[PDB]
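Colleague: Before anything else, here's the structure in question.
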Amino acid sequence: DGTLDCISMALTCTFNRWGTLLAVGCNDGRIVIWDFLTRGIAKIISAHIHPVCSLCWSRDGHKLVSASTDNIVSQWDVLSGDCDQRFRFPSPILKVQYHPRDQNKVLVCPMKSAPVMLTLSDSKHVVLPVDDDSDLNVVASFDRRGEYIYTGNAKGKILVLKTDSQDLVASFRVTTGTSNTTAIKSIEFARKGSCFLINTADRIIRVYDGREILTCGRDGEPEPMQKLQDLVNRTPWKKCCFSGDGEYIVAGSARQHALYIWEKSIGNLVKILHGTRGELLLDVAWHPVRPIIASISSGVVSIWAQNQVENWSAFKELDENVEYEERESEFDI
Amino acid sequence: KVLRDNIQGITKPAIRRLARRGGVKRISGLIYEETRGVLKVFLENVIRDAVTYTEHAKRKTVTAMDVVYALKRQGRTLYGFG
Amino acid sequence: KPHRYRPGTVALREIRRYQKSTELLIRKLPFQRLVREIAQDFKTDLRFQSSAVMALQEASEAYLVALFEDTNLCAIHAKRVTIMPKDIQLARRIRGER
Amino acid sequence: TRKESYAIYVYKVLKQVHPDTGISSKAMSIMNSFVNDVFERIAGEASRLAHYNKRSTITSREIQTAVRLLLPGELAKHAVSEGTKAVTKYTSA
DNA sequence: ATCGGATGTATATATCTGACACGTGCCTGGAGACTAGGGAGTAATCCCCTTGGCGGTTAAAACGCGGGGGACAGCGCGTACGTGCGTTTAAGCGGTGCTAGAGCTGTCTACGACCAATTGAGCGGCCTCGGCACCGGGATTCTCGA
DNA sequence: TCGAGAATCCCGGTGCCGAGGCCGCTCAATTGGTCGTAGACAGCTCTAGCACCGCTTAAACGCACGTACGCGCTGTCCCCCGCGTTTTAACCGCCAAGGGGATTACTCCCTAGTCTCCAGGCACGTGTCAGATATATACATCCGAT
């Protein structure tokens, strides 16, 4: 539905705060900041020699946190492209995430170690707690306002901490239905409201409302707002995301390189988008204020927009025949 | 501990294994879930009736003799359980 | 050059060995979870005998192979080696299961 | 708890027919359940026919008639003859 | 795709009636009242099976992947089957008549019922050990390309 | 179609726990009176069955014949079999907690059993209309020409 030839080795992308720019990582380890309106590249940053697998914009949009595969995280000013700060860790980093309401702070999910929240002003770090002490794979994310931290382990356990004190404000373990746990693949939140989603190893996305987890307390049984899956193919989900408003949810079937689109309230599947059967789906993102969806597959990015009835359909356009309502004086002088 | 969707826990390999035991060569996909349904429906009765026994048994655990008398009442009696 | 047996042949031998074997062909735990799921529908938190659930699964699988058997037979009368859902439905129909 | 069964008599009649054979306790339980099944069957049928005959006394004639109702052909014939011989033997003393 | 004609079917009508609603006198099962035992209900105790979890394995399931194999659609023909009309035929009404056998009552008696006294056949429990299950390995035979 | 290869059969050997045998330890089987009674049996009805026979006729058998579904064959598609790989969770083994299941001991509420009396039910008459039946009629629907 529209691709870009000007970028190669697309690996990970991230919309800015207003959905005007897109920073995509490349295998060479370069940042390609490409613009939507001019439909061209806005910037090229020599980030790492190692490909970049995690990228996040700052709220003001002037900072981008990038993670190399060399366990090298670095902050870059979008105007200049300089490495503002640079750090390295053990247990290679799985993800970075700016704090949405404090760009000085940034959480980092490493591979084998617990996620740690650092600051840029001071090169300090706060290691977030781990429930089972043996997960070795815990994804973590700020909420919409950056007030709480949601951490999900490979054993389905879900901890909600407060971002400042790291104190356990809520907890619950998700189930595979019967009695078993499932590897929490990812935690996503809505940029609007409080609904969030969890991708798990059961290939079943679970949509909740964080207020219900907060009122559920520690070690409770919160039910999901929704349960979403491909009941037909039972396909895993490499990457999923909400819509900009938060009423549409998309999942990327890397198994068959497709895109499933459900709703939030009803949860019925909006639609499906099919990509090149030969392409391996890698990354998925939604335009924050547009029905536009960016996909990264086999190093190539594709764009999926959604237009209205007009752009040619605007006499007064009607859809179905209209019986004329004759009047009393319809034949009168 | 609320359970769900163990019906699909029935593997298509299991279904085709049972079919081969029944002496079947070629099978379509549309069967399995259909099969499953029937399965459910089938057991749909007995357990209830079984626990119905357990109902009158005034007990919390369910026993074999329950399903014994069920299959009996279901005209599908079984041996080897008292 | 790689060898592949003609279709059915492997499944044919599977049929032969399954009529040869007698044990169950269903994994225990999934069946048990299904049974308990069905149970909570009528009443929640009910316990069971392992003997009881073994009986459930054996008797089920027996009914199931009987259904597969006579549906195979019907499909013979349907002159096909592939099975059709309608065969199962009408079999239940003759089995008074409708 | 004193539980009653028949597996001992199963082993007995087995040796009576096959002295050099073993059984699975599973199979013994299956056979005993079968014993119970046929017993309840014949008993219910006999009581029902006696009810049809308004009889409150279930005797060997009822037994034979109900077996004939239940067993087919030579099965029934041999069973009738065997029960007849046995009751004759018991009545002989 | 329609109209016309043939035919078969739903309708109103009339009356006939024989089931059928209705009422009786007479019978006995049902109600009413009273006594006993003891099945059932409750409770405290024990056990112990179950339900729960935890970690390692892989056989098994998931999934993919050709691809020949048959499901299926179509197409010719032909034989077997509806049909309408012949034919002849037992089927049904019905009414007769005999009684063999149901179907009832009145004994009287053998026959479990039942209880009590007695106990050894049988059953829970404890060794035990050998067909049997598993395994590894060698030899046999089916099968798919010549 | 004679080999290659592959799944299988069989053989010997290993180790095991269920099959079995035996041992305490009863309660349920036996024995023997004893009693009221189920029915065995005799002996009556009467009626429903069983057969007889005639009369009418709707029904059955067969014919001819159109015809049209059954069947047989061809080619296509697709799709499910087979194999390869990758992932997983069933299983399996072990542990542990308790919560229910089963047990026993009391305790007594309810039912069986008895006796009394009668009133609802039942066999039995009795008018009587729901509907069966027949007829003419009006409507619906097929089948063939257009």
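By convention here, the chains of the structure tokens are called A, B, ... in the order presented, each chain's residues are numbered starting at 1, and ligands are numbered starting at 1 in the order presented.
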Neighbouring residues of residue 1 (chain C) were defined as those with any atom within 12 Å, considering only C-alpha atoms (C1' of nucleotides); residues of the same chain fewer than 3 positions away were excluded. Please report them as an MDAnalysis selection string.

Modeller: (chainID C and resid 4) or (chainID E and resid 145) or (chainID F and resid 4:5)

Colleague: Please produce, as CSV, a per-residue contact table for chain B versus chain C (criterion: any atom at most 7 Å away, only C-alpha atoms considered), showing the nearest atom pair and its distance in Å to one decimal, sorted by chain then residue number.

Modeller:
```
residue,atom,partner,partner_atom,distance
B:3,CA,C:37,CA,5.0
B:4,CA,C:37,CA,6.0
B:6,CA,C:34,CA,4.8
B:7,CA,C:34,CA,6.1
B:9,CA,C:30,CA,5.7
B:10,CA,C:30,CA,7.0
B:14,CA,C:26,CA,5.9
B:17,CA,C:25,CA,6.5
B:18,CA,C:65,CA,5.9
B:19,CA,C:68,CA,5.7
B:20,CA,C:15,CA,4.4
B:21,CA,C:18,CA,4.9
B:22,CA,C:69,CA,4.6
B:23,CA,C:15,CA,5.5
B:24,CA,C:72,CA,6.0
B:25,CA,C:8,CA,6.0
B:26,CA,C:82,CA,4.2
B:27,CA,C:83,CA,4.8
B:28,CA,C:83,CA,5.8
B:30,CA,C:85,CA,6.5
B:31,CA,C:85,CA,5.4
B:47,CA,C:39,CA,6.7
B:48,CA,C:42,CA,6.5
B:60,CA,C:46,CA,5.4
B:61,CA,C:47,CA,3.8
B:62,CA,C:48,CA,4.4
B:63,CA,C:52,CA,5.3
B:64,CA,C:52,CA,3.8
```

Colleague: Quick one: write out the picked residues with C-alpha atoms as a short mmCIF file (atom, residue, chain, number, x, y, z; two decimals), in the first residue's frame?

Modeller:
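Final output, again-v2.cif:
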```
data_model
loop_
_atom_site.label_atom_id
_atom_site.label_comp_id
_atom_site.auth_asym_id
_atom_site.auth_seq_id
_atom_site.Cartn_x
_atom_site.Cartn_y
_atom_site.Cartn_z
CA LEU B 3 -10.88 -23.13 32.66
CA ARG B 4 -11.57 -22.64 28.96
CA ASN B 6 -9.43 -27.14 26.23
CA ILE B 7 -11.60 -28.47 23.39
CA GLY B 9 -6.50 -29.02 23.26
CA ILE B 10 -7.61 -32.05 21.27
CA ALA B 14 -4.92 -37.20 18.03
CA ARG B 17 -4.89 -41.28 15.25
CA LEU B 18 -8.36 -42.21 16.45
CA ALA B 19 -9.55 -42.21 12.84
CA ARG B 20 -6.77 -44.55 11.75
CA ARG B 21 -7.76 -46.78 14.66
CA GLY B 22 -11.26 -46.65 13.19
CA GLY B 23 -9.70 -47.63 9.88
CA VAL B 24 -9.96 -44.38 7.94
CA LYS B 25 -7.64 -43.39 5.09
CA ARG B 26 -8.49 -39.89 3.85
CA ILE B 27 -9.96 -37.17 6.05
CA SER B 28 -10.99 -33.57 5.57
CA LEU B 30 -13.86 -29.62 8.39
CA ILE B 31 -14.28 -32.74 10.51
CA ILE B 47 -20.57 -35.60 33.29
CA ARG B 48 -23.70 -33.67 34.21
CA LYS B 60 -17.64 -32.97 46.19
CA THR B 61 -15.49 -35.47 44.29
CA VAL B 62 -16.81 -37.35 41.28
CA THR B 63 -16.32 -41.11 41.01
CA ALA B 64 -16.19 -43.67 38.25
#
```

Colleague: Which distance in Å separates CA of residue 267 (chain A) and CA of residue 293 (chain A), to one decimal?

Modeller: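 If I compute the distance from CA of residue 267 (chain A) to CA of residue 293 (chain A), I get 18.9 Å.
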
Colleague: List as CSV every residue of chain A that is in contact with chain C, defined as an atom at most 10 Å from one of its atoms (using only C-alpha atoms), together with the nearest atom pair and the distance in Å rounded to one decimal, sorted by chain and then rising number.

Modeller:
```
residue,atom,partner,partner_atom,distance
A:177,CA,C:37,CA,9.6
A:178,CA,C:33,CA,6.5
A:179,CA,C:33,CA,9.0
```

Colleague: Counting only C-alpha atoms, which residues of chain A come no farther than 12 Å from chain B, as number ranges by chain?

Modeller: A: 173-180, 220-221, 223, 231-232, 234

Colleague: Selected residues, N, CA and C atoms, written as an mmCIF file, in the first residue's frame, please.

Modeller:
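Ended up saving to selection_14.cif:
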```cif
data_model
loop_
_atom_site.group_PDB
_atom_site.id
_atom_site.type_symbol
_atom_site.label_atom_id
_atom_site.label_comp_id
_atom_site.auth_asym_id
_atom_site.auth_seq_id
_atom_site.Cartn_x
_atom_site.Cartn_y
_atom_site.Cartn_z
ATOM 1 N N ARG A 173 -0.867 -12.912 37.899
ATOM 2 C CA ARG A 173 -0.306 -13.772 36.869
ATOM 3 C C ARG A 173 -1.380 -14.109 35.846
ATOM 4 N N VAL A 174 -1.049 -13.952 34.576
ATOM 5 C CA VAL A 174 -1.971 -14.318 33.510
ATOM 6 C C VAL A 174 -1.951 -15.832 33.343
ATOM 7 N N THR A 175 -3.051 -16.380 32.838
ATOM 8 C CA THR A 175 -3.207 -17.815 32.681
ATOM 9 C C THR A 175 -3.334 -18.192 31.213
ATOM 10 N N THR A 176 -2.927 -19.420 30.903
ATOM 11 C CA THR A 176 -3.201 -20.044 29.618
ATOM 12 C C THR A 176 -4.576 -20.680 29.571
ATOM 13 N N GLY A 177 -5.474 -20.234 30.442
ATOM 14 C CA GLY A 177 -6.782 -20.832 30.574
ATOM 15 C C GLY A 177 -6.835 -21.891 31.651
ATOM 16 N N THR A 178 -6.181 -23.024 31.416
ATOM 17 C CA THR A 178 -6.293 -24.138 32.347
ATOM 18 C C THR A 178 -5.653 -23.866 33.704
ATOM 19 N N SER A 179 -4.317 -23.931 33.762
ATOM 20 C CA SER A 179 -3.576 -23.535 34.954
ATOM 21 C C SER A 179 -2.180 -23.003 34.661
ATOM 22 N N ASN A 180 -1.768 -22.880 33.404
ATOM 23 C CA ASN A 180 -0.366 -22.684 33.068
ATOM 24 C C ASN A 180 -0.048 -21.219 32.799
ATOM 25 N N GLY A 220 -4.178 -10.564 42.379
ATOM 26 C CA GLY A 220 -5.598 -10.687 42.137
ATOM 27 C C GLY A 220 -5.904 -11.382 40.828
ATOM 28 N N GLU A 221 -7.185 -11.429 40.458
ATOM 29 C CA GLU A 221 -7.645 -12.085 39.236
ATOM 30 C C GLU A 221 -8.345 -11.051 38.363
ATOM 31 N N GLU A 223 -9.744 -9.628 35.020
ATOM 32 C CA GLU A 223 -10.023 -10.184 33.709
ATOM 33 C C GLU A 223 -9.637 -9.192 32.617
ATOM 34 N N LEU A 231 -8.223 -17.328 15.676
ATOM 35 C CA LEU A 231 -8.858 -18.618 15.891
ATOM 36 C C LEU A 231 -8.776 -19.519 14.670
ATOM 37 N N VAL A 232 -8.456 -18.971 13.504
ATOM 38 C CA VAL A 232 -8.410 -19.756 12.279
ATOM 39 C C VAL A 232 -7.036 -20.370 12.066
ATOM 40 N N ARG A 234 -4.172 -19.696 14.288
ATOM 41 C CA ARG A 234 -3.385 -19.785 15.517
ATOM 42 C C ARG A 234 -1.955 -19.306 15.272
#
```

Colleague: Please find the residues of chain B near chain E - the criterion being any atom within 9 Å, counting only C-alpha atoms (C1' of nucleotides) - and write them as JSON, numbers by chain.

Modeller: {"B": [11, 12, 13]}

Colleague: Name all residues at most 12 Å from residue 40 (chain F) (count only C-alpha atoms (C1' of nucleotides); drop same-chain ones fewer than 2 positions away) and give them as a PyMOL selection string.

Modeller: (chain E and resi 107-110) or (chain F and resi 38+42)

Colleague: With a distance cut-off of 12 Å and only C-alpha atoms (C1' of nucleotides), select the neighbouring residues of residue 24 (chain F), excluding the residue or stretch itself and same-chain residues fewer than 2 positions from it, and output the selection as a short mmCIF file (atom, residue, chain, number, x, y, z; two decimals) with N, CA and C atoms (P, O5', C5', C4', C3', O3' and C1' of nucleotides), in the first residue's frame.

Modeller:
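Contents of out_12.cif, as written:
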```cif
data_model
loop_
_atom_site.label_atom_id
_atom_site.label_comp_id
_atom_site.auth_asym_id
_atom_site.auth_seq_id
_atom_site.Cartn_x
_atom_site.Cartn_y
_atom_site.Cartn_z
P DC E 123 -14.16 -62.92 49.04
"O5'" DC E 123 -14.39 -61.47 49.67
"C5'" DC E 123 -14.62 -61.35 51.06
"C4'" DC E 123 -13.49 -60.60 51.72
"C3'" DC E 123 -12.54 -59.90 50.76
"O3'" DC E 123 -12.12 -58.68 51.31
"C1'" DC E 123 -11.33 -61.36 52.11
P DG E 124 -11.47 -57.55 50.38
"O5'" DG E 124 -10.43 -56.82 51.34
"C5'" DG E 124 -10.87 -56.31 52.58
"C4'" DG E 124 -9.72 -56.28 53.57
"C3'" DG E 124 -8.50 -55.51 53.11
"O3'" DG E 124 -7.90 -54.86 54.22
"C1'" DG E 124 -7.93 -57.79 53.42
P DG E 125 -6.61 -53.92 54.00
"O5'" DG E 125 -5.38 -54.93 54.18
"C5'" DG E 125 -5.32 -55.75 55.33
"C4'" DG E 125 -3.98 -56.45 55.41
"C3'" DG E 125 -2.84 -55.73 54.69
"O3'" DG E 125 -1.68 -55.74 55.51
"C1'" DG E 125 -3.05 -57.94 53.87
P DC E 126 -0.22 -55.53 54.87
"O5'" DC E 126 0.23 -57.01 54.48
"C5'" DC E 126 0.33 -58.00 55.49
"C4'" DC E 126 1.55 -58.87 55.25
"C3'" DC E 126 2.75 -58.15 54.67
"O3'" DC E 126 4.00 -58.61 55.28
"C1'" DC E 126 1.84 -59.70 53.08
P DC F 22 -0.55 -71.84 48.35
"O5'" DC F 22 -0.41 -70.91 49.63
"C5'" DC F 22 0.87 -70.45 50.01
"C4'" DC F 22 0.78 -69.61 51.27
"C3'" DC F 22 -0.13 -70.19 52.35
"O3'" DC F 22 0.51 -70.12 53.62
"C1'" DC F 22 -0.77 -67.97 51.84
P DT F 26 -11.61 -60.76 63.83
"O5'" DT F 26 -12.60 -62.00 63.64
"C5'" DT F 26 -14.00 -61.79 63.57
"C4'" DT F 26 -14.38 -61.21 62.23
"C3'" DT F 26 -15.85 -61.36 61.86
"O3'" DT F 26 -16.21 -60.36 60.93
"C1'" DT F 26 -14.54 -62.79 60.51
#
```

Colleague: As a list in words, please: the residues near region 10-20 of chain D (cut-off 9 Å, only C-alpha atoms (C1' of nucleotides), same-chain neighbours under 3 positions excluded).

Modeller: residues 6, 7, 23, 28, 31 and 32 of chain D

Colleague: Selected residues, C-alpha atoms, written as an mmCIF file, in the first residue's frame, please.

Modeller:
```
data_model
loop_
_atom_site.group_PDB
_atom_site.id
_atom_site.type_symbol
_atom_site.label_atom_id
_atom_site.label_comp_id
_atom_site.auth_asym_id
_atom_site.auth_seq_id
_atom_site.Cartn_x
_atom_site.Cartn_y
_atom_site.Cartn_z
ATOM 1 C CA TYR D 6 -15.844 -63.217 42.429
ATOM 2 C CA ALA D 7 -12.281 -63.154 41.058
ATOM 3 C CA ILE D 23 -5.075 -62.928 34.019
ATOM 4 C CA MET D 28 -10.631 -59.795 36.352
ATOM 5 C CA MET D 31 -15.166 -59.820 34.038
ATOM 6 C CA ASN D 32 -16.600 -59.244 37.489
#
```

Colleague: For a quick test of understanding: name the residues of chain F lying within 9 Å of chain D when counting only C-alpha atoms (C1' of nucleotides), and present them as a PyMOL selection string.

Modeller: chain F and resi 18-19+38-39

Colleague: Can you pull out every residue within 12 Å of residue 113 (chain F), counting only C-alpha atoms (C1' of nucleotides), but drop anything in the same chain fewer than 4 positions away, and send it as a PyMOL selection string?

Modeller: chain E and resi 34-37

Colleague: Export, as an mmCIF file, in the first residue's frame, the selected residues with N, CA, C and O atoms (P, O5', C5', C4', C3', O3' and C1' of nucleotides).

Modeller:
```cif
data_model
loop_
_atom_site.group_PDB
_atom_site.id
_atom_site.type_symbol
_atom_site.label_atom_id
_atom_site.label_comp_id
_atom_site.auth_asym_id
_atom_site.auth_seq_id
_atom_site.Cartn_x
_atom_site.Cartn_y
_atom_site.Cartn_z
ATOM 1 P P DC E 34 -55.281 -41.603 67.572
ATOM 2 O "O5'" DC E 34 -54.352 -42.897 67.504
ATOM 3 C "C5'" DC E 34 -54.941 -44.177 67.620
ATOM 4 C "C4'" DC E 34 -53.881 -45.255 67.674
ATOM 5 C "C3'" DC E 34 -52.660 -44.921 68.534
ATOM 6 O "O3'" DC E 34 -52.324 -46.044 69.329
ATOM 7 C "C1'" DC E 34 -51.973 -45.584 66.398
ATOM 8 P P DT E 35 -51.046 -46.002 70.301
ATOM 9 O "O5'" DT E 35 -49.945 -46.864 69.523
ATOM 10 C "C5'" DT E 35 -50.180 -48.243 69.276
ATOM 11 C "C4'" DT E 35 -48.899 -48.959 68.885
ATOM 12 C "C3'" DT E 35 -47.665 -48.595 69.714
ATOM 13 O "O3'" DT E 35 -46.921 -49.772 70.001
ATOM 14 C "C1'" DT E 35 -47.223 -48.242 67.432
ATOM 15 P P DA E 36 -45.496 -49.690 70.739
ATOM 16 O "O5'" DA E 36 -44.453 -49.977 69.568
ATOM 17 C "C5'" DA E 36 -44.443 -51.247 68.943
ATOM 18 C "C4'" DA E 36 -43.397 -51.309 67.850
ATOM 19 C "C3'" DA E 36 -41.964 -51.064 68.304
ATOM 20 O "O3'" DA E 36 -41.089 -51.802 67.485
ATOM 21 C "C1'" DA E 36 -42.558 -49.429 66.753
ATOM 22 P P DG E 37 -39.599 -52.136 67.975
ATOM 23 O "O5'" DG E 37 -38.899 -52.689 66.651
ATOM 24 C "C5'" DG E 37 -39.396 -52.296 65.376
ATOM 25 C "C4'" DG E 37 -38.290 -51.714 64.520
ATOM 26 C "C3'" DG E 37 -36.916 -51.708 65.174
ATOM 27 O "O3'" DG E 37 -35.894 -51.597 64.192
ATOM 28 C "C1'" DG E 37 -37.656 -49.518 64.944
#
```

Colleague: Excluding residue 83 (chain D) and residues on its chain fewer than 6 positions from it, collect all residues at most 12 Å away from it, counting only C-alpha atoms (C1' of nucleotides), and give them as a PyMOL selection string.

Modeller: chain D and resi 60-65+67-68+76-77+89-91

Colleague: Keeping N, CA, C and O atoms for every residue in the selection just given, could you write it to a file as a PDB file, in the first residue's frame?

Modeller:
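Result file is again-v6.pdb:
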```
ATOM      1  N   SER D  60     -37.166 -71.064  39.451  1.00  0.00           N
ATOM      2  CA  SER D  60     -36.285 -71.481  38.369  1.00  0.00           C
ATOM      3  C   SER D  60     -36.973 -71.429  37.014  1.00  0.00           C
ATOM      4  O   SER D  60     -36.305 -71.237  35.994  1.00  0.00           O
ATOM      5  N   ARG D  61     -38.290 -71.624  36.970  1.00  0.00           N
ATOM      6  CA  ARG D  61     -38.988 -71.449  35.704  1.00  0.00           C
ATOM      7  C   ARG D  61     -38.819 -70.027  35.197  1.00  0.00           C
ATOM      8  O   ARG D  61     -38.525 -69.807  34.017  1.00  0.00           O
ATOM      9  N   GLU D  62     -39.004 -69.053  36.086  1.00  0.00           N
ATOM     10  CA  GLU D  62     -38.717 -67.669  35.743  1.00  0.00           C
ATOM     11  C   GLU D  62     -37.287 -67.524  35.264  1.00  0.00           C
ATOM     12  O   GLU D  62     -37.024 -66.837  34.272  1.00  0.00           O
ATOM     13  N   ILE D  63     -36.350 -68.164  35.962  1.00  0.00           N
ATOM     14  CA  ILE D  63     -34.946 -68.077  35.582  1.00  0.00           C
ATOM     15  C   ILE D  63     -34.766 -68.513  34.141  1.00  0.00           C
ATOM     16  O   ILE D  63     -34.245 -67.768  33.305  1.00  0.00           O
ATOM     17  N   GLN D  64     -35.206 -69.728  33.835  1.00  0.00           N
ATOM     18  CA  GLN D  64     -35.025 -70.277  32.501  1.00  0.00           C
ATOM     19  C   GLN D  64     -35.703 -69.411  31.454  1.00  0.00           C
ATOM     20  O   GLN D  64     -35.115 -69.110  30.410  1.00  0.00           O
ATOM     21  N   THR D  65     -36.942 -69.001  31.716  1.00  0.00           N
ATOM     22  CA  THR D  65     -37.663 -68.189  30.747  1.00  0.00           C
ATOM     23  C   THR D  65     -36.931 -66.885  30.474  1.00  0.00           C
ATOM     24  O   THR D  65     -36.802 -66.462  29.320  1.00  0.00           O
ATOM     25  N   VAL D  67     -33.712 -66.203  30.911  1.00  0.00           N
ATOM     26  CA  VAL D  67     -32.488 -66.479  30.167  1.00  0.00           C
ATOM     27  C   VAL D  67     -32.801 -66.653  28.691  1.00  0.00           C
ATOM     28  O   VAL D  67     -32.134 -66.077  27.821  1.00  0.00           O
ATOM     29  N   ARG D  68     -33.824 -67.451  28.388  1.00  0.00           N
ATOM     30  CA  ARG D  68     -34.229 -67.634  27.001  1.00  0.00           C
ATOM     31  C   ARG D  68     -34.565 -66.301  26.358  1.00  0.00           C
ATOM     32  O   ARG D  68     -34.181 -66.039  25.212  1.00  0.00           O
ATOM     33  N   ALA D  76     -28.445 -69.717  24.876  1.00  0.00           N
ATOM     34  CA  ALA D  76     -29.586 -69.931  25.755  1.00  0.00           C
ATOM     35  C   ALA D  76     -29.833 -71.412  25.992  1.00  0.00           C
ATOM     36  O   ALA D  76     -30.120 -71.825  27.117  1.00  0.00           O
ATOM     37  N   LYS D  77     -29.736 -72.228  24.944  1.00  0.00           N
ATOM     38  CA  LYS D  77     -30.042 -73.646  25.094  1.00  0.00           C
ATOM     39  C   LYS D  77     -29.086 -74.308  26.074  1.00  0.00           C
ATOM     40  O   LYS D  77     -29.508 -75.002  27.007  1.00  0.00           O
ATOM     41  N   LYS D  89     -29.199 -81.595  40.328  1.00  0.00           N
ATOM     42  CA  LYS D  89     -28.192 -82.095  41.252  1.00  0.00           C
ATOM     43  C   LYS D  89     -28.462 -81.616  42.668  1.00  0.00           C
ATOM     44  O   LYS D  89     -28.393 -82.399  43.622  1.00  0.00           O
ATOM     45  N   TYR D  90     -28.771 -80.332  42.825  1.00  0.00           N
ATOM     46  CA  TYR D  90     -29.013 -79.813  44.164  1.00  0.00           C
ATOM     47  C   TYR D  90     -30.266 -80.424  44.771  1.00  0.00           C
ATOM     48  O   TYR D  90     -30.294 -80.741  45.966  1.00  0.00           O
ATOM     49  N   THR D  91     -31.316 -80.592  43.967  1.00  0.00           N
ATOM     50  CA  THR D  91     -32.549 -81.181  44.459  1.00  0.00           C
ATOM     51  C   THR D  91     -32.405 -82.669  44.728  1.00  0.00           C
ATOM     52  O   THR D  91     -33.225 -83.236  45.458  1.00  0.00           O
TER      53      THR D  91
END
```

Colleague: Starting from chain E, keep only residues with some atom at most 12 Å from an atom of chain D, counting only C-alpha atoms (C1' of nucleotides), and report them as a PyMOL selection string.

Modeller: chain E and resi 111-112+121-124+130-132

Colleague: Would you mind exporting the chosen residues as a compact mmCIF listing (two decimals), in the first residue's frame, restricted to N, CA and C atoms (P, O5', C5', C4', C3', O3' and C1' of nucleotides)?

Modeller:
```txt
# COMPACT_ATOMS: atom_id res chain seq x y z
P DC E 111 -41.94 -77.00 48.56
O5' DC E 111 -41.85 -75.59 47.84
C5' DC E 111 -42.94 -74.69 47.96
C4' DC E 111 -42.52 -73.48 48.74
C3' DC E 111 -41.06 -73.49 49.15
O3' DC E 111 -40.52 -72.23 48.96
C1' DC E 111 -42.39 -73.13 51.03
P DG E 112 -39.26 -72.06 47.98
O5' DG E 112 -38.07 -71.68 48.97
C5' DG E 112 -37.56 -70.36 49.00
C4' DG E 112 -38.52 -69.36 49.65
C3' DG E 112 -37.88 -68.38 50.61
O3' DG E 112 -38.52 -67.12 50.53
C1' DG E 112 -39.49 -69.60 51.77
P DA E 121 -15.30 -74.34 54.08
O5' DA E 121 -15.75 -73.34 52.91
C5' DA E 121 -17.06 -72.78 52.93
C4' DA E 121 -17.04 -71.33 52.49
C3' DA E 121 -16.18 -71.01 51.27
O3' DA E 121 -16.85 -70.07 50.45
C1' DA E 121 -15.42 -69.76 53.15
P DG E 122 -16.14 -69.47 49.14
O5' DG E 122 -15.61 -68.05 49.63
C5' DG E 122 -16.50 -67.14 50.23
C4' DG E 122 -15.76 -65.99 50.86
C3' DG E 122 -14.74 -65.31 49.94
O3' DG E 122 -14.80 -63.91 50.12
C1' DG E 122 -13.71 -65.93 51.92
P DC E 123 -14.16 -62.92 49.04
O5' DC E 123 -14.39 -61.47 49.67
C5' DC E 123 -14.62 -61.35 51.06
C4' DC E 123 -13.49 -60.60 51.72
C3' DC E 123 -12.54 -59.90 50.76
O3' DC E 123 -12.12 -58.68 51.31
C1' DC E 123 -11.33 -61.36 52.11
P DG E 124 -11.47 -57.55 50.38
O5' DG E 124 -10.43 -56.82 51.34
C5' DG E 124 -10.87 -56.31 52.58
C4' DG E 124 -9.72 -56.28 53.57
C3' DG E 124 -8.50 -55.51 53.11
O3' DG E 124 -7.90 -54.86 54.22
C1' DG E 124 -7.93 -57.79 53.42
P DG E 130 9.82 -67.96 39.74
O5' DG E 130 8.68 -67.87 38.62
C5' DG E 130 7.73 -66.82 38.66
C4' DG E 130 7.13 -66.56 37.29
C3' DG E 130 7.90 -67.16 36.13
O3' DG E 130 7.11 -67.04 34.97
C1' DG E 130 8.44 -64.87 36.41
P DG E 131 7.48 -67.86 33.64
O5' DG E 131 6.52 -67.21 32.54
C5' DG E 131 5.11 -67.30 32.70
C4' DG E 131 4.46 -65.92 32.62
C3' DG E 131 4.36 -65.33 31.23
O3' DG E 131 3.18 -64.54 31.14
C1' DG E 131 5.77 -63.97 32.55
P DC E 132 2.75 -63.86 29.75
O5' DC E 132 3.30 -62.37 29.89
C5' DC E 132 3.16 -61.68 31.12
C4' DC E 132 3.87 -60.34 31.07
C3' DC E 132 4.03 -59.77 29.66
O3' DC E 132 3.88 -58.36 29.68
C1' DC E 132 6.12 -59.93 30.67
```

Colleague: Could you build a table of the residues in chain D lying no more than 6 Å from chain B, giving for each the nearest pair of atoms and their separation in Å rounded to one decimal place, using only C-alpha atoms, ordered by chain and ascending residue number, as JSON lines?

Modeller:
```
{"residue": "D:29", "atom": "CA", "partner": "B:80", "partner_atom": "CA", "distance": 4.8}
{"residue": "D:30", "atom": "CA", "partner": "B:80", "partner_atom": "CA", "distance": 3.5}
{"residue": "D:33", "atom": "CA", "partner": "B:79", "partner_atom": "CA", "distance": 5.3}
```
